[PDB]
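Data first, discussion second: the structure below is written as structure tokens.
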Amino acid sequence: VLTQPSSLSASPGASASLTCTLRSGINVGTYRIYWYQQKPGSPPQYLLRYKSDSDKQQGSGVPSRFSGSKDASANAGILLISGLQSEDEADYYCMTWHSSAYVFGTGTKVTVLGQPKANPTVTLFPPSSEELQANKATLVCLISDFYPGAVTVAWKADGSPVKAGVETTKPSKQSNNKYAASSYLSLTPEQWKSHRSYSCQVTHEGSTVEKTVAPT
Amino acid sequence: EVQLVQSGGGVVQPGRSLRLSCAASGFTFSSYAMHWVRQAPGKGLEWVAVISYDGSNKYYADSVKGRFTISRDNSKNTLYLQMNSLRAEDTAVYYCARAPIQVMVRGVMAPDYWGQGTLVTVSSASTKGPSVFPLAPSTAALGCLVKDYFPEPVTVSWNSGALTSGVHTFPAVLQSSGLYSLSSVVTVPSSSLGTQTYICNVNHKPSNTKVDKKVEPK
Amino acid sequence: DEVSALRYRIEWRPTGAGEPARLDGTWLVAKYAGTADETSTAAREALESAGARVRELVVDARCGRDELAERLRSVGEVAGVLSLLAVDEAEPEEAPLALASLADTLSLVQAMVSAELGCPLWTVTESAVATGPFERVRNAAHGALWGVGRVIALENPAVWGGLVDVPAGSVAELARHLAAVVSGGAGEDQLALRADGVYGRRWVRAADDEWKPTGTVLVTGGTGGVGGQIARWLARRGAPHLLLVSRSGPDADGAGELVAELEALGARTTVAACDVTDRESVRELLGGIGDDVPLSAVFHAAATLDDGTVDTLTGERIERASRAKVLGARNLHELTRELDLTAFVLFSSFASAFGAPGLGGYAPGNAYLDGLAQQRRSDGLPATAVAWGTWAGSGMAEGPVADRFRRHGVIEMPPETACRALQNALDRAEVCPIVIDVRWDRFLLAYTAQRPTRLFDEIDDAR
Ligand SMILES: [Cl-]
């Protein structure tokens with residue numbers, strides 16, 4: 001019923017026009033379109049609503065660079081973010097009443113273009129005493145504050161790749177707009193003590209870094 | 001300030017029932033229509049239902065009509081969603097959300113304030129509390145490994161909420177076994193490691209697991 | 001049956017201007033110094049060509065009726081006045097009845113009476129009437145000149161010649177027909193000149209789909225009188241949500257009891273205090289309507305004020321008395337332009353449909369509604385302007401005026417029957433239904449006691 005582009009990108013200071021298109025055979029004119037912003041790990045936040053120049057309202061506390069309008073040609077509602085800042089990266093949902101229900105659009109992710117590369121911070125933990133005594137062994141590779149959000153993670157033991165026992169998360173966006181991921185290598189305590197040293201290798205944008213732990 | 005405190009999530013078996021509640025404070029509950037909205041993880045917002053300020057009007061999405069009942073208790077400042085015949089499609093974070101204040105004797109408007117949400121997981125899998133292990137320091141990074149729990153979520157604080165700077169709690173990994181694990185790490189000065197104490201506070205509400213693990217240098 | 005006998009409409013029928021003509025004496029052409037030079041020229045030539053002396057009478061905007069009366073006593077033996085005050089008239093931003101041509105038409109009429117000119121006034125308007133749906137009313141306020149002019153004709157026959165509409169910006173029709181019109185052969189005083197010929201205003205009897213209230217229905221003047229009856233009717237027809245508006249709102253006399261009455265009839269009802277002359281206040285009100293009960297119909301029953309004073313009619317007092325009706329209508333029109341309304345009903349009156357002595361302060365604002373509904377329909381928007389007769393029961397002072405209407409053959413309508421007439425008018429999408437109980441035997445003799453008319457030539461009961 002309500003169609004939004006999955007992604008929209010613009011550089012800081014630009015005017016991002018987010019569209020909310022209604023099915024053909026239904027006139028956008030009479031619908032009051034509500035707009036919500038949702039940032040990682042937070043509840044949606046009400047921005048504004050727009051039906052026409054006669055009937056519109058700004059959400060409490062919402063900066064006025066967020067504004068609404070409609071494009072009758074496109075049969076679409078518009079959310080305009082003037083003066084786009086990095087703080088405005090988020091998912092944006094339109095919402096309206098239709099029939100006997102409210103319906104949300106499919107959502108638009110807004111990326112601010114031209115942000116500087118951020119190299120990953122890599123922290124490696126060996127199995128703890130308490131876990132070995134419980135007869136298990138987990139190595140923990142934590143990867144934070146990288147940008148863009150693409151990393152590859154490989155583990156090696158004594159120079160040789162380690163395929164088995166590895167579980168890696170997809171990248172997830174942090175509240176500062178950089179990305180985080182974690183990788184876990186699960187071993188038996190005998191496996192742990194077997195090899196000489198283990199390594200977590202993090203490749204980001206064609207640069208590879210490594211951290212190493214040794215049962216010794 | 002306006003608050004919507006949500007209760008009643010967790011695991012529920014396909015076909016069975018679950019009742020969510022949302023306790024409201026900081027405004028005159030009976031003057032506001034109330035919505036429920038849900039979001040399956042990583043997916044879009046899906047409107048569920050609304051109830052008018054005085055409870056005489058209710059509307060539901062097609063996808064839940066005939067299975068869910070929304071209701072409110074204006075003498076207890078509480079909102080309810082009674083969910084029945086649940087399927088895997090119903091797994092989501094469920095948000096309480098308040099409309100703006102009522103002006104006319106009849107009519108609803110879309111939410112202007114949202115609660116924090118509660119995860120409902122429709123599964124045959126059993127609830128399992130986590131094991132907590134210290135990650136010793138080796139600035140210095142130390143932390144807390146919270147392994148093998150189901151379902152989400154787990155929260156981690158440090159020193160009962162007094163330590164916030166440089167605290168990083170990572171999204172969980174979902175293993176092939178179906179169980180989750182996560183890590184919480186704090187970056188602290190190395191000079192304090194001898195004196196200052198560091199405790200991670202782990203909460204897995206679905207299984208009533210609360211653990212306070214001290215993390216010392218090895 | 002009861003309902004069908006209430007039903008009329010205004011039509012424009014082909015008619016003869018009159019034969020030949022030939023005028024004597026001096027004709028004054030009244031105009032503003034700035035406007036209407038081309039039409040004045042054609043008018044002069046057309047009058048001179050029929051054999052009249054013609055002199056300009058330049059009127060000041062919003063002039064005093066006493067200096068104008070002095071001027072008229074000096075010019076000596078005038079045979080007629082042709083007014084172009086409403087020709088080539090600017091439309092500066094103001095409330096619709098602030099119109100100078102309305103104010104100066106009244107002062108001109110009064111100055112002609114004060115100065116004992118002994119001659120009729122003829123007023124020209126430009127696209128102020130539509131002879132059919134293919135014509136657009138250009139400025140709905142100019143119909144106010146017709147509304148009050150019909151009253152003036154009933155109060156002082158000698159001073160009112162008549163009213164003549166021409167296409168805006170053309171002189172050929174006025175040039176062709178003007179002489180025969182003012183020579184007054186056929187007793188026509190309400191004429192439209194068109195490229196294809198001459199038309200006279202006429203009353204005519206008016207002989208699956210079923211309109212229903214949905215969402216929110218708004219009633220202005222909704223806390224009393226006719227609007228309160230409308231509220232009750234809407235509640236019986238199942239209006240999901242009634243929004244009643246008046247100046248006093250929930251403090252109006254009887255408002256709390258009215259709300260309880262409507263709740264018992266079935267309708268959940270909101271009452272709001274709102275001054276509908278204030279566009280921004282109306283804007284706020286419409287923005288508070290919920291999404292599940294969107295505004296679906298407007299019933300604009302805001303009444304004309306009457307303070308109970310009997311001064312001479314002035315355009316200024318008419319504009320003030322009728323602002324809720326007039327400015328409220330225009331505000332609601334502007335603010336609902338983009339909603340999907342099923343009905344936009346303006347409450348007009350027999351005061352503009354045919355007029356009566358004493359109703360000069362009421363006809364102009366109701367005439368404006370008549371034109372605004374036609375304009376909206378030309379522009380693709382829903383609109384109904386119901387010219388009501390009197391209503392029984394709710395509202396209306398008892399005394400010598402309302403007894404006088406009944407004596408003159410206008411019988412109060414039961415609210416139930418009037419609302420059924422409105423239902424039928426809505427189901428048929430009539431733009432300007434007239435709904436009135438007339439006893440023609442009596443009414444016609446009262447209406448033509450001092451002045452003949454052709455307005456009722458097409459009604460069989462009239463002959
Ligand atoms: Cl999405």
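Chain labels follow the order of the structure tokens: the first chain is A, the next B, and so on; residue numbering restarts at 1 in every chain, and ligands are counted from 1 in their shown order.
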
Could you produce a table of the residues of chain B lying within 8 Å of ligand 1, with the nearest pair of atoms per residue and their separation in Å rounded to one decimal, using only C-alpha atoms and all ligand atoms, ordered by chain and increasing residue number, as a Markdown table?
```
| residue | atom | partner | partner_atom_place_in_ligand_line | distance |
| --- | --- | --- | --- | --- |
| B:42 | CA | ligand 1 | 1 (Cl) | 7.1 |
| B:43 | CA | ligand 1 | 1 (Cl) | 5.4 |
| B:44 | CA | ligand 1 | 1 (Cl) | 5.0 |
```

Next item on the list: For stretch 237-241 of chain C, list every protein, DNA or RNA residue within 6 Å, evaluated using only C-alpha atoms, and leave out those in the same chain fewer than 3 positions away; present the list as a PyMOL selection string.
Entry: chain C and resi 213-216+234+267-269

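In the backbone-derived DSSP annotation, helix (DSSP H, G or I) within stretch 13-201 of chain A comprises residues 28, 29, 30, 86, 87, 88, 129, 130, 131, 132, 133, 189, 190, 191, 192, 193 and 194 of chain A.
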
Selection to disk with C-alpha atoms, as a PDB file, in the first residue's frame:
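Result file is selection-v5.pdb:
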```pdb
ATOM      1  CA  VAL A  28      -2.329  10.561  -2.150  1.00  0.00           C
ATOM      2  CA  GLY A  29      -4.123  13.890  -1.659  1.00  0.00           C
ATOM      3  CA  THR A  30      -6.464  12.951   1.208  1.00  0.00           C
ATOM      4  CA  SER A  86      25.558  12.506  10.055  1.00  0.00           C
ATOM      5  CA  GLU A  87      23.188  12.257  13.042  1.00  0.00           C
ATOM      6  CA  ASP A  88      20.330  11.647  10.571  1.00  0.00           C
ATOM      7  CA  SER A 129      40.320 -20.237  33.673  1.00  0.00           C
ATOM      8  CA  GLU A 130      36.707 -20.693  34.789  1.00  0.00           C
ATOM      9  CA  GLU A 131      35.649 -21.920  31.339  1.00  0.00           C
ATOM     10  CA  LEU A 132      38.511 -24.410  30.954  1.00  0.00           C
ATOM     11  CA  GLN A 133      37.630 -25.800  34.393  1.00  0.00           C
ATOM     12  CA  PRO A 189      40.574 -27.703  26.174  1.00  0.00           C
ATOM     13  CA  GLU A 190      42.796 -30.383  24.617  1.00  0.00           C
ATOM     14  CA  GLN A 191      42.603 -28.652  21.228  1.00  0.00           C
ATOM     15  CA  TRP A 192      43.332 -25.351  22.986  1.00  0.00           C
ATOM     16  CA  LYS A 193      46.533 -26.637  24.617  1.00  0.00           C
ATOM     17  CA  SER A 194      47.529 -28.606  21.488  1.00  0.00           C
TER      18      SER A 194
END
```

Item checked: Exercise: residue B:181 partners within 6 Å, only C-alpha atoms, chain neighbours under 2 positions left out, as an MDAnalysis selection string -> chainID B and resid 146:148 172:173

Could the residues in this selection be written to a file with C-alpha atoms, as a PDB file, in the first residue's frame?
```pdb
ATOM      1  CA  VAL B 146      27.761 -14.545  28.261  1.00  0.00           C
ATOM      2  CA  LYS B 147      27.394 -17.857  26.447  1.00  0.00           C
ATOM      3  CA  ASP B 148      24.676 -20.339  25.469  1.00  0.00           C
ATOM      4  CA  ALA B 172      24.947 -11.795  20.048  1.00  0.00           C
ATOM      5  CA  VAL B 173      26.155 -14.539  17.781  1.00  0.00           C
TER       6      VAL B 173
END
```

Next item on the list: Within 7 Å of chain B, which residues of chain C are there when counting only C-alpha atoms? Please give them as a ChimeraX atom specification.
Entry: /C:241,268-270,288-293

Those selected residues, please, written with N, CA, C and O atoms and delivered as a PDB file, in the first residue's frame.
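Writing done, so here's out-v3.pdb:
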```pdb
ATOM      1  N   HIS C 241     -19.641  10.363  13.693  1.00  0.00           N
ATOM      2  CA  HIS C 241     -19.171  11.388  14.616  1.00  0.00           C
ATOM      3  C   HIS C 241     -19.678  12.747  14.158  1.00  0.00           C
ATOM      4  O   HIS C 241     -19.433  13.149  13.010  1.00  0.00           O
ATOM      5  N   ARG C 268     -22.207   9.891  18.451  1.00  0.00           N
ATOM      6  CA  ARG C 268     -21.191  10.494  19.306  1.00  0.00           C
ATOM      7  C   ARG C 268     -20.895  11.900  18.795  1.00  0.00           C
ATOM      8  O   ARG C 268     -20.676  12.093  17.594  1.00  0.00           O
ATOM      9  N   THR C 269     -20.881  12.880  19.698  1.00  0.00           N
ATOM     10  CA  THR C 269     -20.969  14.278  19.310  1.00  0.00           C
ATOM     11  C   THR C 269     -19.919  15.109  20.017  1.00  0.00           C
ATOM     12  O   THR C 269     -19.859  15.115  21.249  1.00  0.00           O
ATOM     13  N   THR C 270     -19.134  15.855  19.242  1.00  0.00           N
ATOM     14  CA  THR C 270     -18.212  16.851  19.773  1.00  0.00           C
ATOM     15  C   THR C 270     -18.796  18.242  19.539  1.00  0.00           C
ATOM     16  O   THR C 270     -19.276  18.539  18.443  1.00  0.00           O
ATOM     17  N   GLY C 288      -7.675  18.723  14.002  1.00  0.00           N
ATOM     18  CA  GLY C 288      -7.879  17.840  15.140  1.00  0.00           C
ATOM     19  C   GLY C 288      -8.774  16.632  14.880  1.00  0.00           C
ATOM     20  O   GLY C 288      -9.009  15.830  15.795  1.00  0.00           O
ATOM     21  N   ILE C 289      -9.281  16.479  13.654  1.00  0.00           N
ATOM     22  CA  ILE C 289     -10.154  15.357  13.303  1.00  0.00           C
ATOM     23  C   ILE C 289      -9.322  14.099  13.087  1.00  0.00           C
ATOM     24  O   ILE C 289      -8.327  14.122  12.357  1.00  0.00           O
ATOM     25  N   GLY C 290      -9.742  12.991  13.710  1.00  0.00           N
ATOM     26  CA  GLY C 290      -8.965  11.768  13.664  1.00  0.00           C
ATOM     27  C   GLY C 290      -8.996  11.087  12.309  1.00  0.00           C
ATOM     28  O   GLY C 290      -9.871  11.315  11.478  1.00  0.00           O
ATOM     29  N   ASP C 291      -8.026  10.190  12.104  1.00  0.00           N
ATOM     30  CA  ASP C 291      -7.870   9.549  10.801  1.00  0.00           C
ATOM     31  C   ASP C 291      -8.981   8.547  10.510  1.00  0.00           C
ATOM     32  O   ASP C 291      -9.319   8.323   9.341  1.00  0.00           O
ATOM     33  N   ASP C 292      -9.545   7.913  11.540  1.00  0.00           N
ATOM     34  CA  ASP C 292     -10.563   6.904  11.279  1.00  0.00           C
ATOM     35  C   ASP C 292     -11.944   7.496  11.023  1.00  0.00           C
ATOM     36  O   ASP C 292     -12.806   6.793  10.494  1.00  0.00           O
ATOM     37  N   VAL C 293     -12.176   8.753  11.381  1.00  0.00           N
ATOM     38  CA  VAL C 293     -13.441   9.427  11.089  1.00  0.00           C
ATOM     39  C   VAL C 293     -13.160  10.717  10.325  1.00  0.00           C
ATOM     40  O   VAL C 293     -13.536  11.807  10.779  1.00  0.00           O
TER      41      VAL C 293
END
```

Next item on the list: Please identify all polymer residues within 12 Å of residue B:192, counting only C-alpha atoms, omitting same-chain residues fewer than 6 positions from it, and present them as a ChimeraX atom specification.
Entry: /B:137,139-140,198,216-217

Could those selected residues go to a file with C-alpha atoms, as a CSV table (one decimal), in the first residue's frame?
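This is the output file again25.csv:
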```
chain,number,residue,atom,x,y,z
B,137,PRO,CA,42.7,-7.9,31.0
B,139,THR,CA,44.2,1.5,28.3
B,140,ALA,CA,43.2,-2.1,28.9
B,198,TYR,CA,35.1,-4.4,37.8
B,216,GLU,CA,40.2,-9.4,37.9
B,217,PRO,CA,43.6,-9.4,36.2
```

Write out as a Markdown table a residue-level contact list of chain A versus chain C with cut-off 12 Å: for each qualifying residue the closest pair of atoms and the distance in Å to one decimal, counting only C-alpha atoms, rows sorted by chain and residue number upward.
```
| residue | atom | partner | partner_atom | distance |
| --- | --- | --- | --- | --- |
| A:26 | CA | C:340 | CA | 11.7 |
| A:27 | CA | C:340 | CA | 9.9 |
| A:28 | CA | C:338 | CA | 10.4 |
| A:29 | CA | C:338 | CA | 6.6 |
| A:30 | CA | C:339 | CA | 5.5 |
| A:31 | CA | C:291 | CA | 8.6 |
| A:32 | CA | C:291 | CA | 7.6 |
| A:33 | CA | C:291 | CA | 10.3 |
| A:34 | CA | C:291 | CA | 11.1 |
| A:49 | CA | C:287 | CA | 10.8 |
| A:50 | CA | C:287 | CA | 10.3 |
| A:51 | CA | C:338 | CA | 9.2 |
| A:52 | CA | C:338 | CA | 7.7 |
| A:53 | CA | C:335 | CA | 9.3 |
| A:54 | CA | C:335 | CA | 6.3 |
| A:55 | CA | C:287 | CA | 5.5 |
| A:56 | CA | C:287 | CA | 7.5 |
| A:57 | CA | C:287 | CA | 8.8 |
| A:72 | CA | C:338 | CA | 11.7 |
| A:95 | CA | C:291 | CA | 11.5 |
| A:96 | CA | C:291 | CA | 8.4 |
| A:97 | CA | C:291 | CA | 6.2 |
| A:98 | CA | C:292 | CA | 8.5 |
| A:99 | CA | C:292 | CA | 8.3 |
| A:100 | CA | C:292 | CA | 7.1 |
| A:101 | CA | C:292 | CA | 8.2 |
| A:102 | CA | C:291 | CA | 9.1 |
```

Check: stretch 82-92 of chain C: which residues within 7 Å, counting only C-alpha atoms, same-chain residues fewer than 5 positions away excluded, as a PyMOL selection string?
Finding: chain C and resi 28-32+35-36+101+121-126

Resulting file, chosen residues, N, CA and C atoms, as a PDB file, in the first residue's frame:
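What landed in part-v1.pdb:
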```
ATOM      1  N   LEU C  28     -28.117  58.852 -16.805  1.00  0.00           N
ATOM      2  CA  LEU C  28     -26.816  58.897 -16.153  1.00  0.00           C
ATOM      3  C   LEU C  28     -26.163  57.521 -16.201  1.00  0.00           C
ATOM      4  N   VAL C  29     -24.867  57.496 -16.486  1.00  0.00           N
ATOM      5  CA  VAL C  29     -24.073  56.280 -16.411  1.00  0.00           C
ATOM      6  C   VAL C  29     -23.178  56.423 -15.193  1.00  0.00           C
ATOM      7  N   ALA C  30     -23.486  55.656 -14.151  1.00  0.00           N
ATOM      8  CA  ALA C  30     -22.761  55.709 -12.892  1.00  0.00           C
ATOM      9  C   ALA C  30     -21.589  54.735 -12.935  1.00  0.00           C
ATOM     10  N   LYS C  31     -20.408  55.206 -12.540  1.00  0.00           N
ATOM     11  CA  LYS C  31     -19.217  54.371 -12.612  1.00  0.00           C
ATOM     12  C   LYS C  31     -18.155  54.938 -11.693  1.00  0.00           C
ATOM     13  N   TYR C  32     -17.146  54.117 -11.434  1.00  0.00           N
ATOM     14  CA  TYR C  32     -15.946  54.575 -10.754  1.00  0.00           C
ATOM     15  C   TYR C  32     -14.997  55.209 -11.764  1.00  0.00           C
ATOM     16  N   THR C  35     -12.555  52.468 -13.436  1.00  0.00           N
ATOM     17  CA  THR C  35     -12.954  51.230 -14.095  1.00  0.00           C
ATOM     18  C   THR C  35     -14.002  51.438 -15.191  1.00  0.00           C
ATOM     19  N   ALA C  36     -14.136  50.417 -16.039  1.00  0.00           N
ATOM     20  CA  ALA C  36     -15.318  50.216 -16.885  1.00  0.00           C
ATOM     21  C   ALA C  36     -15.468  51.262 -17.991  1.00  0.00           C
ATOM     22  N   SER C 101     -18.932  47.789  -4.781  1.00  0.00           N
ATOM     23  CA  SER C 101     -20.117  47.928  -5.619  1.00  0.00           C
ATOM     24  C   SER C 101     -21.398  47.616  -4.848  1.00  0.00           C
ATOM     25  N   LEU C 121     -33.248  52.687 -11.414  1.00  0.00           N
ATOM     26  CA  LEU C 121     -31.850  52.280 -11.520  1.00  0.00           C
ATOM     27  C   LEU C 121     -31.753  50.917 -12.189  1.00  0.00           C
ATOM     28  N   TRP C 122     -30.800  50.785 -13.104  1.00  0.00           N
ATOM     29  CA  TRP C 122     -30.500  49.527 -13.767  1.00  0.00           C
ATOM     30  C   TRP C 122     -29.044  49.202 -13.469  1.00  0.00           C
ATOM     31  N   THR C 123     -28.792  48.001 -12.940  1.00  0.00           N
ATOM     32  CA  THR C 123     -27.449  47.573 -12.557  1.00  0.00           C
ATOM     33  C   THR C 123     -26.950  46.456 -13.463  1.00  0.00           C
ATOM     34  N   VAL C 124     -25.733  46.622 -13.975  1.00  0.00           N
ATOM     35  CA  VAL C 124     -25.083  45.670 -14.867  1.00  0.00           C
ATOM     36  C   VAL C 124     -24.067  44.865 -14.071  1.00  0.00           C
ATOM     37  N   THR C 125     -24.101  43.545 -14.218  1.00  0.00           N
ATOM     38  CA  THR C 125     -23.079  42.691 -13.624  1.00  0.00           C
ATOM     39  C   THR C 125     -22.422  41.855 -14.718  1.00  0.00           C
ATOM     40  N   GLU C 126     -21.283  41.259 -14.387  1.00  0.00           N
ATOM     41  CA  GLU C 126     -20.430  40.580 -15.359  1.00  0.00           C
ATOM     42  C   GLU C 126     -20.253  39.135 -14.929  1.00  0.00           C
TER      43      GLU C 126
END
```
